[PDB]
Amino acid sequence: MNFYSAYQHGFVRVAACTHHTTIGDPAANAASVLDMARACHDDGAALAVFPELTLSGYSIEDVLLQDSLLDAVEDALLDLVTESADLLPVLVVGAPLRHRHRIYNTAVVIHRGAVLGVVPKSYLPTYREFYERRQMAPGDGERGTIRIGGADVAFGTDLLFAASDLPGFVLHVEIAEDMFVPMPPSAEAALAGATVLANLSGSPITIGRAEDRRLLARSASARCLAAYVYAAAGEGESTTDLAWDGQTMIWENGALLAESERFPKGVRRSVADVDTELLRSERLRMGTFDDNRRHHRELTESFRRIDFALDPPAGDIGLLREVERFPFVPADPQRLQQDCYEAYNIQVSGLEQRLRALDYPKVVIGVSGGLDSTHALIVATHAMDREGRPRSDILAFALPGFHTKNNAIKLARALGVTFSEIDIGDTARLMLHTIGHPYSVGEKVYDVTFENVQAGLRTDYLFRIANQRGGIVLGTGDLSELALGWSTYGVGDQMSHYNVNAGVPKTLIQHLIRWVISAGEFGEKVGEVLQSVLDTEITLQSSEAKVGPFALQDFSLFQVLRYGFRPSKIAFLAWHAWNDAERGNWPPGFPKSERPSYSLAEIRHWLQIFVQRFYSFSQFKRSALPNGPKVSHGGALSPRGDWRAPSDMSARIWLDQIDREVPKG
Amino acid sequence: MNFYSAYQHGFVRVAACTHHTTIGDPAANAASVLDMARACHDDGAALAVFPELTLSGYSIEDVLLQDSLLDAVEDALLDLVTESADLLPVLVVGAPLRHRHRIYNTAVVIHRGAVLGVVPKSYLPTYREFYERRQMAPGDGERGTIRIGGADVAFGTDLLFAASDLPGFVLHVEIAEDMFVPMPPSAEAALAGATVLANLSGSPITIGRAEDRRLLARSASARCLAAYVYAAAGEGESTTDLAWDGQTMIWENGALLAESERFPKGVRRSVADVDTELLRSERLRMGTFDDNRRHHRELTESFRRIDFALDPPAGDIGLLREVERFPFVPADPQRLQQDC
Amino acid sequence: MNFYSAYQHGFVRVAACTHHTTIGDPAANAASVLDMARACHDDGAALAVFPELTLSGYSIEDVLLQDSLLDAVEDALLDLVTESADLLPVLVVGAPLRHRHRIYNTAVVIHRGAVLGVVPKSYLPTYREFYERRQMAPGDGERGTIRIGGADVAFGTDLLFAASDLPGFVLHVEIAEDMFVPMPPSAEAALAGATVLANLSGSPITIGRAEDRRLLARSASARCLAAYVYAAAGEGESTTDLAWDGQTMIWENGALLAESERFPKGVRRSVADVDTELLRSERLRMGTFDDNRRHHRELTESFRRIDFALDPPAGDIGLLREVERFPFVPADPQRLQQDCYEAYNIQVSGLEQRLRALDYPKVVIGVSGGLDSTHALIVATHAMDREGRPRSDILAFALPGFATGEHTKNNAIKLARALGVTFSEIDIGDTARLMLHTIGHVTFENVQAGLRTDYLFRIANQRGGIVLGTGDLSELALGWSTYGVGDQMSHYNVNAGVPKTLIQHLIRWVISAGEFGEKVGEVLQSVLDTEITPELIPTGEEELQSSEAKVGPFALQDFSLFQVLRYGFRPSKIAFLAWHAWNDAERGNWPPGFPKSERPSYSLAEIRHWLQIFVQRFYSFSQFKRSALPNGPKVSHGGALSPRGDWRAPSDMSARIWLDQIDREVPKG
Ligand SMILES: Nc1ncnc2c1ncn2[C@@H]1O[C@H](COS(=O)(=O)NC(=O)c2cccnc2)[C@@H](O)[C@H]1O
Ligand SMILES: Nc1ncnc2c1ncn2[C@@H]1O[C@H](COS(=O)(=O)NC(=O)c2cccnc2)[C@@H](O)[C@H]1O
Ligand SMILES: Nc1ncnc2c1ncn2[C@@H]1O[C@H](COS(=O)(=O)NC(=O)c2cccnc2)[C@@H](O)[C@H]1O
Ligand SMILES: Nc1ncnc2c1ncn2[C@@H]1O[C@H](COS(=O)(=O)NC(=O)c2cccnc2)[C@@H](O)[C@H]1O
Ligand SMILES: NC(=O)CC[C@H](N)C(=O)O
Ligand SMILES: NC(=O)CC[C@H](N)C(=O)O
Ligand SMILES: [Cl-]
């Protein structure tokens, strides 16, 4: 495959256009529309949506009832169709059309020189500033065909336009008022299989109406797990009694993909790349979506599929989509503040409940002065506080084996816990002898068993101290560690009584500590020590030198855990997010010296290591996993929760797919 | 008329409650619920909504399948009903109930010492952190009655609880996952005439889930031109694998009427005065609303109306609602900037 | 509540009767029926089912069309109805009745002086020895009412007879051939809410037809998750061309509850107590049952519920049910052998796969010479064998700390050396002695357990192997472990599925199969004799009996565990079941291998005490230990305790309601 073709990774480029209305002049509306569609063609778009009653103007009132206007609309529409023979995108053009007795408010769905369909507006508003049932007829329940340019084409509120070469691209078209009713045609359509929901809108602008437009469009994209395309009327509509801002916007599953200047001077587009695979995946996993479709089986099987071949460009056309470098760490400072709040509080509260259950025991914790331990200790302190329990019931322990520990003791004494040292070294010596390891005879062999003796002894001592003094062993291994198997399983740091860092990726612990210093509720000196830890630990490096940088691994982990995306898709997404340090945004707290940019070769390498460790090696360590709360919306790794997977499975197909699809550089 | 009685001007006081879950202890959940409902009574509320699976705890997994638990749930539920004989508000209490073959995730709608109804959850999520189809059965399409305390009461996803003395107050009840699907029971219900939409929710909290809760609840209140009552589970739910923030909130036609402290220490309420007349009027003028109901006439006439007499206090009880001095000039500076 | 009332524990007493047919004399058939019904009444039964065409005789052919016969049938049916006013059970009597144009092959459902309903046969067989469509009419699709004794009563294949005071008791009635077709009426009815499926059957006996009766009846009870009551025609049916064996049986969820003597001289009954709660629970947990009902919603909502108040006897009437002492260990030698074969094979095969995955590592196991470690070693050996891998990759380890010396460590060394594994001993004492001192010294037993597991893990790191745990299902249930750094943790637990009552018989199975050496067999029997016999003077206070002293006898806790894990039964129901199973050692069966010196009888007091301990340790304490549990294969049908499998429960939950129920309902003695 061409790795850099957005289309070949499941994307589909869509455009929401606002054009220059020339009320009463259909030929000039068709001119503006043709020019913008030709732009969409140059941009590689597959879809282009224009505003309500595009070809005549929405605001012309009883001028819709004049035969000369309807005739010019027909002529301009046929010109448009003929011109669309050389245009890539599917044009969705509003128009007042003649059928049976009346004129209906229709969107003509045009493609490659033919009319795929004609959708009538379903609910014509007749209230306040709207007088639509005067001039036009409702379409709710109209099926059959309509005759347009010597051809009988599908007509009704029950169409679907499915791309035969892009199965993720299945189009449905409603109009303005349609999406504001309790049961919108688009919802049925989505259950019926529509993935891109289009809305043509005239929408006279008003104080607070753009807010309502966004509310309903976003809510639609989320509830229907689909993409939503909205286009409103702009410059040219009669200002006899209304004004027009020409807003266009593109939503996808609740997230604004793009939007355009309000009240512009001149035509505007919103062009974006819709990840059909993200929709596919959200729908694969949300059983209740298909359950809802089944409950409404009769309503949903009555849709008609009009198949068409899009044949998109197969080359490099960029990616009109903002792939954030940190799926777990939003780069918008306000959103990151909210995220850190939520994470920190769910950790504290999960620990609080575990503590209340056990008659308020003690909290035994081994603190190394690194990030995860620091944060876990902060968490336990707050949990104990909110429960009105002495901080002296927290028992921090520095357990040296064979510079950073000073952070740990400074922090422990600042917080007010019970600090203590236990030099496991001698117990390690004894054990290494009793098993006959070369180090007890004096040859420096620092293999795995050497290091695991110390790790397991730290955990062993903590467990026995908990048993002796009546407490519980708080864990500190974080989500990215679980995803990679970067722990000692069993007798080791993997085991504990209640891990509060279990659901937190490594990349978000840094910002949780930054958040705690910012909130600074523990005190000034405590902020000083925490800040010290932050500056000390970043310049983890040891950890990230065998499993790769956690920025790239949390990127891959998010893609896998949330979407199950194949390796090639993760490589493409990571390369667009990370390959350039200047492009895209960075979250707060990243000095320009700690703002790296990774290459495709690096992404490919760490992706190989990731698929190997996550699908295959590491699973068994998560399989027997202490309790602890889920944090991110990307998921957790509990086998009693978000990740049910086998312990004895190989990652051959993932490595093989990387081999076949991801280029070496 | 008593000019200062909010009820006599079309208002109806509603409460969204988060209580103290005691997982596995139905009697203690009923205790917390009774205390909060007694508060709602003192506040003059007509409606009080509690979280998903209130009487047993939402997070207890296969403990729902133990006969001793189900039996204690039945006992606590009957105590609650009997105590509600002296309580003004309509109690909406979650519970795992026994019907036909399985246990359904139900909300018991209780009023003045009787059970007006029993609504089952419609879409049981079985994905990610959710394992609900294991223990419980879907209610989508279940009609008929259920036997609760020597009485056959209405059972199904098609109920409406209409106040015979407050025609603007017509209640419908869905549960959690119900409002997240493309076609939620509440929308049908609203076309069918429901004005106050209740949602009992367990909702394990997550980064960005409260945003989604608000998005869908507000979007529901706007699209359905109705009031939306949301109540999530709080302190007490098993933190084996999830955490719980206990958010409660009250929306009305897209506008947040009230909300409560997230991650509280102790029970919380959101009590607000819903202007049923504002809903009545928005619906009088939006023709396309009734047009939508007509297009779905068969779906919408199949609802069952359970009538009940609320008899609210007729005196001065304040007005739990922020009436802005300038309907044209919003007092929030950011909103006023946008408006200008 | 009365603790000894089978009814107040969800049971219902049912009867399948074969009577003395007197072909052509409806009065004489009503006489036999009334006598047997009065018997069932004295027994306290709620239901009594009689054979096809009871009042007339199934075999009287065209005499069914004689008006005098039909009239005598109606007269005897009305007599029966009137007499039933003082009869506890619901009578289901066959009769050829007049409706619209023809006579239908009906079962009259009679109760307390009134006719609850009239169910016609649905599929009249007309083939081979059967000529039923000649005299009678099919009832498939007949609804409405029928006039019987000046009363309009329900008539059709769509009825349900539900007890208003016994909600688990919902009766459906079909007739003979009905249950032999691809889609029997009883399956629909079960989906519709039927719990007891009744069959009136004439059934001329033939070589192998009792086999077909049993096959289909048991299959019905299993698939429909119901009780199936069967009654066939006996002495008195015309032997002009057929013979009649009068078989009656009562099935429950695929398990034969009762049956009667074939070809008897004189009438017979099969009376049993059906556990409605068992059905209720099987249906609570099998979502696909309700899934199937919903898929056929039209068929299943069309049923009509006829309500009747049974008012059963509230006293002690015993329990006509064989409750086995060892729910995990069947007392039938053939079934126990099959069980043990299956269990042993799934353990071996699960370990085989885990090993193939890891390119065949070594197998580190600490062997103390107790049952669980012994069996785990045997399984590991067999797994290594069948995968064609050197037995010297099995690393057994005796890690003693404070034991002075005992026969069990010799058991360990002897078995390991007889198997040909790689045995080594390592005295953890010093590390514990150091460890204790370092933490500033109950605690020391915790330290030893921790250090055993720590050392095994580090040795597996050193020599490139996986620690193979030995914890069994009973220890997991009750929390008899050291969590985390302790005997709970391993890389793969082969014994997790197996309860402790079954480990002994797995070892006996291995011995009797004798696939290993005769020396291996002798040492295994030594292990059995050593561990299952209490030490005269406690050997250092560590063995199997120590766990028994703290958590109660496993014979009782495995019983409670099966009930809880499979059926979710309330404590009082468990106490009732166990008290009937165990209180009398001379009654019921024992599995093979119990010398009559090891056959105890437990009291209500003991059952109640250990049940308190059990609900407290299972619902509340021990859950957090299972929550983080190594891999391993599920063994019994009763379930496992994996959090990724059969038991999803909270770690921070109290057992208060179960204790409160034990206090409110189970007597102190
Ligand atoms: N001096 C100390 N005092 C007290 N507690 C200490 C001390 N040192 C460590 N810890 C503990 O280990 C946790 C983090 O472990 S680690 O060093 O980041 N990673 C590994 O061991 C590792 C990596 C890969 C595979 N296997 C093992 C820390 O939270 C803390 O609980
Ligand atoms: N799927 C499995 N199921 C059950 N047991 C398994 C499975 N795979 C291996 N093992 C065994 O568990 C021990 C794992 O070692 S460790 O202390 O967690 N960490 C390390 O080795 C380590 C090495 C290199 C880099 N980073 C960490 C091993 O000895 C192995 O015998
Ligand atoms: N001397 C030994 N040599 C070699 N391996 C040994 C030795 N002793 C034990 N093991 C091992 O521990 C497994 C089971 O332990 S136990 O004795 O039944 N009970 C407990 O540990 C216990 C009970 C209650 C609370 N906490 C701990 C055994 O299968 C064996 O693998
Ligand atoms: N729900 C929980 N979640 C997480 N951690 C918990 C929880 N409850 C306690 N803990 C802690 O874990 C240790 C477990 O100890 S143990 O080695 O498995 N043996 C024993 O408890 C034991 C006690 C009495 C008699 N016999 C055995 C406990 O001391 C406690 O500190
Ligand atoms: N033009 C229309 O159909 C009405 C659209 C307008 N935005 C509304 O919300 O009603
Ligand atoms: N408990 C549930 O049914 C799920 C509610 C959860 N808030 C969701 O959006 O799916
Ligand atoms: Cl072990």
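Scroll up a little and you will see the structure.
Residue labels used throughout are counted from 1 along each chain in written sequence order rather than taken from the entry, whose numbering may differ, and residues without coordinates are not included. Whichever chain is written first becomes A and whichever ligand is written first becomes 1, with later ones labelled in order. Readers should keep in mind that the chains presented make up only part of a larger assembly and that every value pertains to that part. No hydrogens and no water enter the side-chain calculation; it runs on all heavy atoms of the structure. Residues with missing side-chain atoms are left out of burial classes, side-chain pairs and their counts.

Side note on the interface of chain C and chain B
Any two residues whose heavy atoms approach within 4.5 Å are treated as being in contact. Listed as interface residues are 38 residues of chain C and, on the opposing side, 34 residues of chain B. Both faces combined, the contact of chain C with chain B buries some 2,900 Å², and carbon together with sulfur accounts for 45% of it. Accessible surface is computed with a 1.4 Å probe, and the buried area is the amount of it that two parts give up when combined, taken over both parts together. On the chain C side of the contact with chain B, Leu284(C), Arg648(C) and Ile657(C) bury the most area, a combined 26% of that side's loss. Salt-bridge detection follows one rule: a side-chain nitrogen of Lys or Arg within 4 Å of a carboxyl oxygen of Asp or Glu. At the surface where chain C touches chain B, the tally comes to nine salt bridges. With its nearest N and O atoms 2.4 Å apart, the salt bridge here joins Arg297(C) to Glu142(B). Pairing of N or O atoms within 3.5 Å defines a polar contact, subject to two protein rules: one partner must be a possible hydrogen donor and the other a possible acceptor, and residues neighboring in sequence count only if both atoms are side-chain atoms. The tally of links from chain C across to chain B stands at 17 residue pairs in polar contact. Residues belonging to the side of chain C that touches chain B are distributed by class as follows: 16 nonpolar, eight polar and 14 charged. Note that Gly is not counted as nonpolar here; it falls among the polar residues with everything else outside the nonpolar set of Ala, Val, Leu, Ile, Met, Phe, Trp, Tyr, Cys and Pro and the charged set of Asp, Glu, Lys and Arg.

What about empty space enclosed by the protein?
Residues are called lining when one of their atoms sits within 4 Å of a cavity or pocket point, these points coming from a 1 Å grid over the protein atoms alone, where a cavity is a set in which a 1.4 Å probe fits but cannot get out and a pocket is an open set with protein on both sides within 12 Å along at least five of seven lines. Grid points are joined across faces, edges and corners, and a volume is the space filled by probe spheres set on the points. Quantified by volume, the largest cavity comes out at close to 370 Å³. Forming the walls of the largest cavity are 25 residues, and the residues nearest its centre are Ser59(B), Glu61(B), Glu129(B), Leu242(B) and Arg648(C). Each helix corresponds to a stretch of at least 4 residues labelled H or I by DSSP, and each strand to a stretch of at least 2 residues labelled E; elements are numbered beginning at the N terminus. Those elements that place two or more of their residues in the lining of the largest cavity are β7 (130-131) and α3 (132-135) of chain B together with α21 (623-627) of chain C. Split into classes, the residues belonging to the lining of the largest cavity amount to 12 nonpolar, seven polar and six charged. Within this model, the second largest cavity holds a volume of roughly 120 Å³. Taken together, 18 residues line the second largest cavity, and the ones lying closest to its centre are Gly628(A), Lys630(A), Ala636(A), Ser638(A) and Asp241(B). For the lining of the second largest cavity, the class distribution of residues is eight nonpolar, five polar and five charged.

Details of the sheet that holds strand β13 (residues 227-232) of chain C
All names here are of chain C. Overall, mixed pairing links the seven strands, which are arranged β15-β14-β13-β12-β11-β10-β17 in an open sheet. Whereas interior strands pair on both sides, the edge strands pair on one side only; in this sheet they are β15 (255-259) and β17 (304-308). Sheet twist, expressed as the mean angle between neighbouring strand axes with direction ignored, is 25 degrees. Sheet topology note: the strand β11 (residues 170-175)/strand β12 (residues 196-201) ladder contains five bridges and is parallel. Following the sheet pairing, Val-173 is matched in β12 by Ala-198. Contacting β13, β14 (248-252) and β15, helix α5 (residues 209-223) crosses the sheet at an angle of about 30 degrees to β14. Any two strands with at least two DSSP-identified bridges between them are counted as paired. Orientation is described by axes fitted as lines to C-alpha atoms, over the contacting stretch for helices, and by angles from 0 to 180 degrees between their N-to-C directions.

Considerations on the site of ligand 4
If even one non-hydrogen atom of a residue comes within 4 Å of a molecule or strand, that residue is called near it. As a matter of local geometry, ligand 4 sits amid 13 residues, with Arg354(A), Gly471(A), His497(A), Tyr483(C) and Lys625(C) nearest to it. Site remark: ligand 4 is flanked by residues from chains A and C. The contact in question runs from a nitrogen atom of ligand 4 to an N or O atom on the side chain of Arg354(A), over 2.9 Å. One nitrogen or oxygen atom from the side chain of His497(A) is found 2.7 Å from an oxygen atom belonging to ligand 4. For ligand 4, whose unbound accessible area comes to 640 Å², protein coverage reaches 73%. Within the shell around ligand 4, the residues separate by chemical class into four nonpolar, seven polar and two charged. All accessible-area figures derive from a Shrake-Rupley calculation using a 1.4 Å probe, and residue coverage is judged against the displayed protein chains alone.

Some words on the site of ligand 5
All names here are of chain A. Around ligand 5, the surrounding shell consists of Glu-52, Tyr-58, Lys-121, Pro-125, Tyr-127, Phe-130, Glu-132, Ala-176, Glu-177, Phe-180, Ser-203 and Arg-209. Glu-52 is positioned such that a nitrogen or oxygen atom in its side chain is 3.4 Å from a nitrogen atom of ligand 5. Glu-177 is positioned such that a nitrogen or oxygen atom in its side chain is 2.7 Å from an oxygen atom of ligand 5. For the shell around ligand 5, the per-class residue count stands at six nonpolar, one polar and five charged.

Quick look at the pattern of salt bridges
Applying the stated criterion across every chain yields a total of 106 salt bridges over all chains. Of the charged contacts in the structure, one is a salt bridge between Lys500(C) and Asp472(C), with a shortest N-O distance of 2.3 Å. Of the two residues, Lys500(C) is situated in helix α15 (residues 500-513) and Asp472(C) in the loop between β21 (465-469) and α14 (473-478); the sequence distance between them amounts to 28 residues. Note on accessibility: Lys500(C) and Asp472(C) belong to one class, buried. Between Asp660(C) and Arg664(C) there is a salt bridge, and its shortest N-O distance comes to 2.4 Å. Placement of the pair is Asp660(C) and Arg664(C) together in helix α22 (residues 656-665), with a separation of four residues, close to one helical turn. Whether a residue is buried, partly exposed or exposed follows from its accessible area with a 1.4 Å probe, protein chains only, as a fraction of its type maximum: under 20%, in between, or over 50%, in that order. For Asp660(C), a relative accessible area of 28% gives the class partly exposed. It is possible to trace a salt-bridge network through shared partners that takes in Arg100(B), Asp140(B), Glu142(B), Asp290(C), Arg293(C), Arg294(C) and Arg297(C).

Some details on the sheet that holds strand β20 (residues 422-425) of chain C
Residues and elements named next belong to chain C. Spatially, the five strands line up as an open sheet ordered β20-β19-β18-β21-β22, and their pairing is parallel. Single-partner strands in this sheet number two, and they are β20 and β22 (492-493). Pairing of β21 with β22, which is carried by two bridges, proceeds in the parallel orientation. Each bridged residue has a counterpart across the sheet, and for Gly-469 the counterpart in β22 is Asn-493. Lying on the sheet, helix α11 (residues 407-419) is in contact with β19 (394-398) and β20; it crosses β20 at an angle near 155 degrees.

Brief notes about the state of the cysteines
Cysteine sulfur atoms are paired as a disulfide whenever they fall within 2.5 Å. Taken as a whole and judged by the stated rule, the model has zero disulfides over all chains. The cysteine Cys17(B) is free of any disulfide, with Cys40(B) supplying the nearest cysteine sulfur at 3.8 Å. Under the relative-accessibility criterion, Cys17(B) is labelled buried at 0%. Considering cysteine sulfurs only, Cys17(C) is the nearest to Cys40(C), which forms no disulfide, with 3.8 Å between them. A residue is classified by how much of its surface remains accessible, and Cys40(C), at 0% relative accessible area, is buried.

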